[PDB]
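Below you'll find the structure, written out as structure tokens, and then a few comments.
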Amino acid sequence: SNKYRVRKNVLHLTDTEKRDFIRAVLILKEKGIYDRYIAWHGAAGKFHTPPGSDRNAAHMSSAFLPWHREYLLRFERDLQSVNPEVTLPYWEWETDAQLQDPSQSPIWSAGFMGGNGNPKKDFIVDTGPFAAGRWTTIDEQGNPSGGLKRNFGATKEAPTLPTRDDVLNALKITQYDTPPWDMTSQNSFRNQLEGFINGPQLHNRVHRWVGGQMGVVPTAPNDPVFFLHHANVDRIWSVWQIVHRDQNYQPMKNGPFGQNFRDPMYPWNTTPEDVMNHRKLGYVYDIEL
Amino acid sequence: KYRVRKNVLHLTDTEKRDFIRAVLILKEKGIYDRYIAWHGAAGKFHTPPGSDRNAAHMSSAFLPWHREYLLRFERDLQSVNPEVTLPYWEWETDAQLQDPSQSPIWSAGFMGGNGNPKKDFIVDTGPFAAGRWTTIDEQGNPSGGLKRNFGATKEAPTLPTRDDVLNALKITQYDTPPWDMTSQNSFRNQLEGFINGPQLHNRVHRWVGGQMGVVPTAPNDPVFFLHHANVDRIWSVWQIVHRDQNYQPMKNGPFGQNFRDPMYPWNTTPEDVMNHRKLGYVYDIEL
Ligand SMILES: [Zn+2]
Ligand SMILES: [Zn+2]
Ligand SMILES: [Zn+2]
Ligand SMILES: [Zn+2]
Ligand SMILES: [Zn+2]
Ligand SMILES: [Zn+2]
Ligand SMILES: [Zn+2]
Ligand SMILES: [Zn+2]
Ligand SMILES: [Zn+2]
Ligand SMILES: [Zn+2]
Ligand SMILES: [Zn+2]
Ligand SMILES: [Zn+2]
Ligand SMILES: [Zn+2]
Ligand SMILES: [Zn+2]
Ligand SMILES: [Zn+2]
């Protein structure tokens, strides 16, 4: 009940907790650990299940949630090797969606994620610890690039963060996922939270809202907010799991290889079964207490 | 009690058949494509960024990276058929044939033959012929089937010789600064094949041509694994011949190249794979 790592709302962190998280992230970048996460996600993005399909190991299929859960767990263990006091916080974007100007959220402060893109600098982030020249970036190929970009709400398809209602409506869906286990799956928790139902919604919508590297699959984890975004997605999934006790992961069999309960998820040997119970992985979200 | 990795040439017709079947089962199950992608992803993971070193090539981790790769592949073979171990292609012996394309490794019952020049060098023989065996391109999408063009380039008309191997075995240090394709008096770099290259390991890649000829696509060819088993054997001999010596760098190399660093895309370290006996296998000629 207190033996569990607690994953907290960013906004509930002390100035010291915020500072310790930023320091761990910067240490992981300098050591070479952070870039492993950029590459895993990109490689997973280009690994199709099966070949020629528009499904991949990490997106547009059943493995989206368990893939990202293992991803966050590995990243958290690396944070903890720098500083065991640190756990992964979540960005509750559905709350920030209530602000007149969501760029005023303390997540975007110079002491945390830093601010929106500067439009006079072709939308380079020139504030916070991950500003251009304080924080290097990788392009689609794996070679260096020009620094972090962000353009909050700049596309017509995602002018807005998802709302508490978007989240609650997804939480009502009775099945984890449905055939054909892809971006067309109807009445699918996985697919609706992923955000492909009348998309971009929810998870996809937050990616497109931030824009910059965060806006496209190959580069998204260049932005540390990638992890705060995905911690919130993982929390929302963990709530669905309590609300629907009778329900389990799908498919259990006859999905593409890498999408089944007991299949390994490229680029790891980790299976969905291995990550279904988040308590057994040794963590809880603060609101589960 | 040790699993025995044998010379292809020392395999029974049944051992040859059982190996081909395990490889085809791994392809059908979806396991094989994980190996293609790991290698390609590792190829595009630079240590550090902007460098021409990567996790799997052109640096100290080349040999331990490939050793872990082969071990993982062998364990997956064994889950299909526990009787199966990874064979090695002793290319330095084949190099003594007037026409190394006559080697029984290239028979229709095993790797199948050279590219057909009337078919833009598509392999149209053996179990991995176009239309029996799918391939992945540089980007991870399907492609036209296996190609091979034995000896077709001016830079690699020839397989490496027993002399090339023995001369590399005499080099007194595993690797040297700056831990890349310029490393001089480096076992790793000379066996990798960058000293007056393409030599040895790189030369066998360029000699075969087709997908085997370039980093992103090479494991589309099962011979990739027989090639690399021979590289791993040759390294294992160097390790006995040079007791005084161990892996380098131990520290102050790029992250992912140090003895105790993890090798993208795994957590496996060079230290974890230095002793091949402890990993539970030997090459047949160690008996
Ligand atoms: Zn693709
Ligand atoms: Zn522009
Ligand atoms: Zn995402
Ligand atoms: Zn993603
Ligand atoms: Zn229910
Ligand atoms: Zn398991
Ligand atoms: Zn709280
Ligand atoms: Zn013999
Ligand atoms: Zn590159
Ligand atoms: Zn020899
Ligand atoms: Zn190779
Ligand atoms: Zn290679
Ligand atoms: Zn010596
Ligand atoms: Zn270790
Ligand atoms: Zn033998």
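One-based numbering, in listed order, for ligands and for the atoms of each. As a basis for the values below, the full set of heavy atoms in this structure was taken, side chains included, without hydrogen atoms, waters or symmetry mates. Order of the sequence lines sets the chain letters (A, B, ...), proteins ahead of strands, with each chain counted from 1.
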From B/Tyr88, B/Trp91, B/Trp89, residue fulfilling side-chain contact (heavy atoms from CB on, under 4.5 Å) relative to B/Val231: B/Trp91

Restricting to N, O or S atoms, which atom of B/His10 is closest to the Zn ion (ligand 15)? ND1

With distance as the sole test, does A/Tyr266 use its side chain to make a donor-acceptor pair with the main-chain N or O of B/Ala37 at under 3.5 Å? yes

Check whether A/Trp268 reaches the backbone of A/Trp67 with its side chain - one donor and one acceptor, N or O, closer than 3.5 Å. no

Would you call B/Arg5-B/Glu74 a salt bridge at under 4.0 Å N-O? yes

Identify, by name, the N, O or S atom of B/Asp272 lying closest to the Zn ion (ligand 14). OD1

Atom nearest to the Zn ion (ligand 15) - B/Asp284, N, O or S atoms considered: OD2

